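Undergrad:
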RNA sequence: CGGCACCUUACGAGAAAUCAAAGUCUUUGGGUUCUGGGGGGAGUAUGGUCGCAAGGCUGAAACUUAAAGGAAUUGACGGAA
RNA sequence: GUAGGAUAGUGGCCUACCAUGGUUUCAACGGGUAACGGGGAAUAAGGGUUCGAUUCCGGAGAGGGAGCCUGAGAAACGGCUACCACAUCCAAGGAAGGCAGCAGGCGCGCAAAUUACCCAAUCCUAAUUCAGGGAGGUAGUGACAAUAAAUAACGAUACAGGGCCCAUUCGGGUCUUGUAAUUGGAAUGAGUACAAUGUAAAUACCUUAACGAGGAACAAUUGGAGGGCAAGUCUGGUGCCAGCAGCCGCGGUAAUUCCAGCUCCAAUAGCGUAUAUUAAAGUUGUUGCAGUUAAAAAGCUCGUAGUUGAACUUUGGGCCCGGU
Ligand SMILES: [Mg+2]
Ligand SMILES: [Mg+2]
Ligand SMILES: [Mg+2]
Ligand SMILES: [Mg+2]
Ligand SMILES: [Mg+2]
Ligand SMILES: [Mg+2]
Ligand SMILES: [Mg+2]
Ligand SMILES: [Mg+2]
Ligand SMILES: [Mg+2]
Ligand SMILES: [Mg+2]
Ligand SMILES: [Mg+2]
Ligand SMILES: [Mg+2]
Ligand SMILES: [Mg+2]
Ligand SMILES: [Mg+2]
Ligand SMILES: [Mg+2]
Ligand SMILES: [Mg+2]
Ligand SMILES: [Mg+2]
Ligand SMILES: [Mg+2]
Ligand SMILES: [Mg+2]
Ligand SMILES: [Mg+2]
Ligand SMILES: [Mg+2]
Ligand SMILES: [Mg+2]
Ligand SMILES: [Mg+2]
Ligand SMILES: [Mg+2]
Ligand SMILES: [Mg+2]
Ligand SMILES: [Mg+2]
Ligand SMILES: [Mg+2]
Ligand SMILES: [Mg+2]
Ligand SMILES: [Mg+2]
Ligand SMILES: [Mg+2]
Ligand SMILES: [Mg+2]
Ligand SMILES: [Mg+2]
Ligand SMILES: [Mg+2]
Ligand SMILES: [Mg+2]
Ligand SMILES: [Mg+2]
Ligand SMILES: [Mg+2]
Ligand SMILES: [Mg+2]
Ligand SMILES: [Mg+2]
Ligand SMILES: [Mg+2]
Ligand SMILES: [Mg+2]
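Protein chains in written order, with the deposited numbering: chain BY, 69 to 135; chain Be, 2 to 61; chain BX, 2 to 145; chain BE, 2 to 261; chain BJ, 2 to 186.
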């Protein structure tokens with residue numbers, strides 16, 4: 069079997085320079101649990117429709133839909 | 002060029018052909034072994050040396 | 002001097018002379034007039050689906066003596082009426098009146114083949130289930 | 002259309018970068034900089050592909066943002082910075098200096114120089130002109146404006162730039178009998194001496210160059226870079242010295258070197 | 002939008018499909034060298050056509066032309082190296098006179114039978130494709146491997162895959178297990 | 001010398017009949033113009049142009065078809081000898 | 001042409017005043033294009049013929065036109081404005097739109113795949129190592145095309161004649177290709193999988209533990225068997241019918257051609273059909289056709305463009321250097 073190998077000078081210098089997927093492979097990093105690609109982009113495009121924080125918008129929508 | 006001839010005889014000979022079933026035979030070998038079989042029947046033992054070669058001789 | 006001009010500066014006369022005499026070929030004349038698109042029912046194409054209008058039985062040409070069992074097919078993409086030969090034993094029992102057939106050409110780039118007068122296409126599929134496969138036993142024709 | 006282009010397709014890259022046809026649809030488009038796009042070598046192509054110091058472009062970025070590489074004494078953290086001809090690349094870790102000179106096949110070679118030679122570079126004079134407030138300036142082949150040059154410096158001369166204070170230490174005229182580094186065309190990378198320069202007023206002055214093996218070749222003056230006198234170059238030449246052995250003599254070298 | 006992958010067709014169907022002389026001449030080759038198709042003869046004829054035209058246009062050059070002396074020597078060296086051409090007759094007039102059986106002789110399926118080791122070309126075929134005979138230490142299961150005359154001395158059974166010294170196979174292991182349980186414990 | 005031709009031969013040419021050109025052509029190039037591209041449809045339709053008109057010049061296509069044709073041989077037939 | 005205006009700038013680009021020019025049988029102008037141009041592609045004696053929407057370069061366009069804003073860069077359309085076509089929501093007041101991006105639907109048709117996973121690679125953008133990328137990659141569908149090449153291999157036993165000392169007359173360790181839906185033990189991957197590798201994560205490959213071939217049913221097909229053109233005058237059926245047949249032709253009672261069965265042939269994980277094109281086609285002919293009669297010398301002459309056009313002008317000698 070033929071491959072490639074890296075031996076870093078320290079574990080900290082390995083965690084600095086090594087890809088996160090391959091740290092997850094070796095157990096040096098926990099896998100980040102995000103949403104999937106589609107829900108991330110859908111959330112972004114939903115949040116594009118709000119100007120500002122949306123506190124005023126939420127209060128107005130709540131008050132007006134209360135009546 | 003008459004176009005309205007009788008169409009009622011269509012499928013006559015295939016319909017009235019007596020259906021005989023395929024017989025059950027051992028499979029021929031496939032691929033390289035079939036070329037081995039052809040080489041044996043054509044260039045090793047030639048029992049049909051009638052002039053040059055007869056490949057499918059009917060019973061005379 | 003064997004006809005044609007030969008001189009080094011006589012390339013225009015040779016080129017235009019070949020361009021003029023090039024039209025007497027069948028294929029160049031047909032391809033540059035574009036008669037496959039103007040005429041010749043399948044508009045430059047190989048196959049065409051149509052709808053059967055009526056089953057015909059064509060008298061075969063002399064000296065042959067048979068009924069040729071064709072169909073009259075109106076093409077979907079043109080509306081042109083053609084006659085298409087249903088090309089095996091039986092197989093006219095397989096088509097219908099008023100269903101959809103796929104037609105191909107018939108071997109001779111136009112030029113009605115054999116003893117069939119005026120038929121230059123043939124039925125490859127009926128209802129999309131392929132007359133050869135229907136004829137052997139391989140497929141069953143759909144009811145709709 | 003419609004604006005400047007920002008992508009370089011792989012197969013539209015310069016051929017001397019030696020990028021593989023597969024493994025991606027795009028090539029690293031060099032940034033704007035001292036050297037033209039098709040006559041430069043980006044730092045990602047130098048580090049990842051030539052030196053093999055990085056496996057990815059992500060690692061080339063990780064190398065450069067630690068301010069390791071420096072081109073001509075300045076750091077140049079861009080991934081696709083156009084390091085072209087004569088450029089001195091110092092990697093302070095690994096303690097080595099490279100000079101981007103062509104090999105004789107027309108490709109930028111990995112050529113390690115010393116720290117003394119890394120303290121200067123050479124520059125072909127592109128124009129000598131008078132700037133504002135009547136101050137003479139000279140423009141080299143890598144975009145350097147150098148004020149108050151020697152008045153004997155003309156176009157097609159070669160100046161020696163000191164890379165720390167970017168001044169002219171000395172210069173080499175364009176005369177018959179001086180070394181040439183051919184920097185363009187199918188004779189690219191070849192080194193020889195000028196036989197003579199053929200004038201052609203109106204366009205494209207030609208130079209007849211003869212190398213050490215007495216093989217003369219004609220090259221346009223855009224591609225001629227003077228590097229020193231007859232012999233004794235001002236730079237260190239790469240391995241091969243710009244000789245252009247034919248392919249029969251090349252396979253003779255290979256069979257005479259691999260048989261031991 | 003990557004570079005399109007280059008691909009080539011490595012055989013050529015003959016111009017006349019039904020010639021008794023050619024069909025007998027091809028069945029003799031397919032029964033002598035143990036071939037599967039006639040495509041395995043058309044591939045070799047395609048290689049011969051390419052080699053022979055690459056020599057035929059070099060021979061139109063002057064002698065001691067640089068391209069002739071480079072490419073003809075390379076073509077001769079490659080054919081001599083694979084053993085199609087012998088150690089004498091190193092000439093472009095001698096690579097024109099090559100035949101189809103000179104290339105069929107150098108296959109791994111031909112060479113495994115020729116080096117003892119197989120007792121038939123068809124047994125050589127089924128030994129090669131069943132992960133026996135290795136060419137170096139490398140198991141080769143391609144019958145058209147076309148040995149390059151330095152690997153002739155190292156054609157042998159694999160270090161795995163028995164007849165070369167390994168676990169005794171599948172049907173022998175199962176048949177020995179049934180023989181071991183049928184006697185008792 | 002120039003002309004209308006003719007007779008013999010086949011060097012040669014040609015599918016042959018025959019040809020001193022229809023030769024000097026697979027050993028293919030002296031110069032040049034025009035024309036033909038299987039048979040019909042068709043010298044038709046239409047357009048242009050010329051004519052007082054008749055028509056002339058130019059001039060298709062769809063479609064159809066496995067031959068049409070050329071030279072010669074043997075026979076048969078002739079209200080041919 | 002002169003001058004101005006305009007432009008980022010040249011310029012009839014536009015304006016004002018003058019002049020009457022400019023292109024064309026060396027094909028202008030107009031018409032068609034089922035024309036985006038090129039690198040290139042198919043076929044390859046040579047010359048050619050045909051294709052190039054399509055992975056790279058350049059152009060053009062975002063439903064059709066037009067106009068503009070911002071900006072270095074746009075006459076931008078995942079920017080705006082108007083008109084035209086189309087079309088969505090509505091509480092009828094209004095409001096919103098542009099898949100020739102990716103995936104997908106309808107329609108059209110002979111004709112073309114997933115509303116998948118991810119930025120790990122290639123690169124690009126941004127204040128930027130960090131974010132984003134339907135660009136791109138990965139997988140799914142996929143017989144477009146291309147590469148390699150399973151479907152069996154080896155004996156023993158009954159029988160071959162190719163044979164030995166004149167086997168006289170078969171023996172002998174005969175020599176074993178075929179032949180026993182006999183007979184035996186080996187061989188292995190298609191498949192199924194522990195695992196590891198793979199990978200961004202998986203799938204596949206590659207590597208492998210245990211399984212996994214005897215009718216090795218773990219069963220190769222597609223076209224054919226008159227000629228062209230490889231291969232039957234075998235058998236049953238039909239009887240100018242049915243049908244075959246590219247062409248010639250076959251069929252009217254023994255059909256080598258139809259429908260079948262048996263056998264045989266050709267290519268083979270491929271083979272057949274249709275359409276186009278190339279070679280064949282020296283049947284487009286420059287190479288390289290033909291014109292007496294096969295198609296074809298203008299009825300004849302003059303003549304412009306075009307094509308073509310007699311011979312002649314420093315030859316010869318001698319000496320020296322000088323690369324293979
Ligand atoms: Mg663009
Ligand atoms: Mg860049
Ligand atoms: Mg194994
Ligand atoms: Mg006289
Ligand atoms: Mg005609
Ligand atoms: Mg006329
Ligand atoms: Mg008229
Ligand atoms: Mg006549
Ligand atoms: Mg006649
Ligand atoms: Mg002005
Ligand atoms: Mg002006
Ligand atoms: Mg004006
Ligand atoms: Mg178009
Ligand atoms: Mg040819
Ligand atoms: Mg094009
Ligand atoms: Mg194109
Ligand atoms: Mg189009
Ligand atoms: Mg483009
Ligand atoms: Mg645009
Ligand atoms: Mg649209
Ligand atoms: Mg629009
Ligand atoms: Mg901006
Ligand atoms: Mg727009
Ligand atoms: Mg859009
Ligand atoms: Mg856009
Ligand atoms: Mg789409
Ligand atoms: Mg398709
Ligand atoms: Mg800042
Ligand atoms: Mg990111
Ligand atoms: Mg994409
Ligand atoms: Mg293939
Ligand atoms: Mg199978
Ligand atoms: Mg039959
Ligand atoms: Mg035959
Ligand atoms: Mg019969
Ligand atoms: Mg002809
Ligand atoms: Mg005639
Ligand atoms: Mg006359
Ligand atoms: Mg004249
Ligand atoms: Mg002259």
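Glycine included, C-beta positions come from ideal geometry on N, C-alpha and C.
Give the residues from the region 69 to 82 of chain BJ that approach chain BE closer than 8 Å (Cβ to any Cβ), ordered along the chain.
TA: Listed by position, the residues of the region 69 to 82 of chain BJ near chain BE (Cβ gap below 8 Å) are 70 and 71.
Undergrad: Would DSSP call residue 41 of chain BE helix, strand or coil?
TA: Here residue 41 of chain BE sits in strand by DSSP.
Undergrad: Near residue 211 of chain BE, what residues of its chain come up, given a Cβ to Cβ distance below 7 Å and the 5 sequence neighbours on each side ignored?
TA: Closer than 7 Å at Cβ, skipping near neighbours: 193, 194, 196 and 217.
Undergrad: Less than 8 Å between C-beta atoms, sequence neighbours within five positions excluded: which residues of the same chain meet that for residue 24 of chain BX?
TA: Taken in chain order, the residues that qualify are 30 and 33.
Undergrad: From residue 48 of chain BJ to residue 16 of chain Be, what does the alpha carbon distance come to, in whole angstroms?
TA: Near 53 Å, if we compare the C-alpha coordinates of residue 16 of chain Be and residue 48 of chain BJ.
Undergrad: Can you check which of these residues, BE:89, BE:139 and BE:245, is closest to residue 129 of chain BE by C-alpha distance?
TA: The option with the nearest alpha carbon to residue 129 of chain BE is BE:139.
Undergrad: Taking residue 8 of chain Be as the reference, give the member of BX:38, BX:80, BX:91 and BX:8 with the closest Cα.
TA: When each option's Cα is compared against that of residue 8 of chain Be, the closest is BX:91.
Undergrad: Can you find a CB in chain Be that lies within less than 8 Å of the CB of residue 51 of chain BJ?
TA: With 8 Å as the cut-off, residue 51 of chain BJ does not count as an interface residue toward chain Be.
Undergrad: Which whole runs of the alpha helix (DSSP H) in the region 57 to 91 of chain BE are 4 residues long or more, in chain order?
TA: Those alpha helix (DSSP H) runs which fall completely within the region 57 to 91 of chain BE and span 4+ residues are 59 to 65.
Undergrad: Identify every residue that forms a DSSP beta bridge with residue 101 of chain BX.
TA: BX:52.
Undergrad: Residues of chain BE with CB under 8 Å from residue 188 of chain BJ, in chain order?
TA: Nothing about residue 188 of chain BJ can be reported from this structure: the residues present for chain BJ run from 2 to 186 only.
Undergrad: Can you give me the C-alpha to C-alpha distance between residue 37 of chain BJ and residue 27 of chain BJ, rounded to a whole angstrom?
TA: Approximately 11 Å, taken between the alpha carbons.
Undergrad: Whole beta strand (DSSP E) runs in the region 143 to 209 of chain BE with 3 or more residues, listed along the chain?
TA: Here the runs fully enclosed are 146 to 148, 159 to 162, 169 to 173, 180 to 183 and 192 to 199.
Undergrad: Ends of the beta strand (DSSP E) at residue 98 of chain BE?
TA: First-last of the beta strand (DSSP E) with residue 98 of chain BE: 97 to 100.
Undergrad: Do the CB positions of residue 2 of chain Be and residue 60 of chain BX come within less than 8 Å of each other?
TA: Result yes, Cβ atoms of residue 2 of chain Be and residue 60 of chain BX sit closer than 8 Å.
Undergrad: CA-CA distance, residue 233 of chain BE and residue 242 of chain BE?
TA: Each residue's Cα considered, the two are about 12 Å apart.
Undergrad: Spatial neighbours of residue 111 of chain BJ within its chain, please: C-beta separation below 7 Å, excluding the five flanking residues on both sides.
TA: Cβ within range, chain order: 34, 105 and 122.
Undergrad: Per DSSP, which one or two residues make a beta bridge with residue 249 of chain BE?
TA: Per DSSP, none; premise fails for residue 249 of chain BE.
Undergrad: Can you list, in chain order, the residues of its chain whose CB lies under 6 Å from that of residue 157 of chain BE, leaving out five sequence neighbours each side?
TA: Once the five neighbours on either side are set aside, the close Cβ partners of residue 157 of chain BE are 175.
Undergrad: Could you tell me the distance, in whole angstroms, from the CA atom of residue 59 of chain BJ to the CA atom of residue 91 of chain BJ?
TA: Using only the alpha carbons, I get a separation of about 15 Å.
Undergrad: Note down the Cα distance separating residue 62 of chain BE from residue 79 of chain BE, rounded to an integer number of angstroms.
TA: Straight-line Cα distance between these residues: approximately 8 Å.
Undergrad: Apply the 10 Å Cβ neighbour rule to residue 41 of chain BJ and answer buried if 16 or more other Cβ atoms are within range, or exposed otherwise.
TA: It is buried - the Cβ of residue 41 of chain BJ has at least 16 other Cβ atoms within 10 Å.
Undergrad: Give the interface partners of residue 2 of chain BJ over in chain BE, defined as CB-CB distance under 8 Å, in chain order.
TA: Correct list: 10 and 26.
Undergrad: Quick check for students: name the residue ranges of the beta strand (DSSP E) that lie wholly in the region 18 to 71 of chain BX, counting only runs of 3 or more.
TA: Taking only runs of at least 3 residues, the beta strand (DSSP E) segments lying wholly in the region 18 to 71 of chain BX are 49 to 57.
Undergrad: From BJ:129, BJ:52, BJ:173 and BJ:21, pick the residue whose C-alpha is nearest to that of residue 145 of chain BJ; which is it?
TA: Comparing Cα positions, the closest option is BJ:129.
Undergrad: For residue 189 of chain BE, which option in BE:106, BE:88 and BE:151 has the closest C-alpha, if you only look at C-alpha atoms?
TA: The residue with the shortest Cα to Cα distance from residue 189 of chain BE is BE:106.
Undergrad: Would you say residue 18 of chain BJ reaches chain BE, if we count a Cβ-Cβ gap shorter than 8 Å as a contact?
TA: Answer no: the Cβ-Cβ gap between residue 18 of chain BJ and chain BE never drops below 8 Å.
Undergrad: Within 10 angstroms of the Cβ of residue 94 of chain BY, are there 16 or more other Cβ atoms? Answer buried if so, exposed if not.
TA: Residue 94 of chain BY comes out exposed.
Undergrad: Could you pull out every residue in the same chain whose Cβ sits closer than 8 Å to the Cβ of residue 44 of chain BX, ignoring the five residues on either side in sequence?
TA: Excluding residues within five positions, the ones whose Cβ falls inside 8 Å are 37, 38, 78 and 79.
Undergrad: Please check if any C-beta of chain BX sits within less than 8 Å of the C-beta of residue 14 of chain Be.
TA: Residue 14 of chain Be counts as touching chain BX.
Undergrad: Strictly under 8 Å for the Cβ-Cβ distance: is residue 34 of chain Be near chain BX by that measure?
TA: Not closer than 8 Å to any Cβ of chain BX, the Cβ of residue 34 of chain Be fails to qualify, so no.
Undergrad: For residue 119 of chain BJ, count neighbouring C-beta atoms within 10 Å of its own C-beta (all shown protein chains included) and say buried if the count is 16 or more, exposed if not.
TA: By the neighbour-count rule (16 or more Cβ atoms within 10 Å), residue 119 of chain BJ is buried.
Undergrad: Compare the C-alpha of residue 220 of chain BE against each of BE:163, BE:166 and BE:184 and name the closest.
TA: With distances taken between Cα atoms, residue 220 of chain BE lies closest to BE:184.
Undergrad: Within 10 angstroms of the Cβ of residue 76 of chain BY, are there 16 or more other Cβ atoms? Answer buried if so, exposed if not.
TA: Exposed, since its Cβ has fewer than 16 Cβ neighbours within 10 Å.
Undergrad: I'd like the span of the beta strand (DSSP E) that includes residue 131 of chain BE, first residue to last.
TA: 128 to 131 is the span of the beta strand (DSSP E), which, as asked, contains residue 131 of chain BE.
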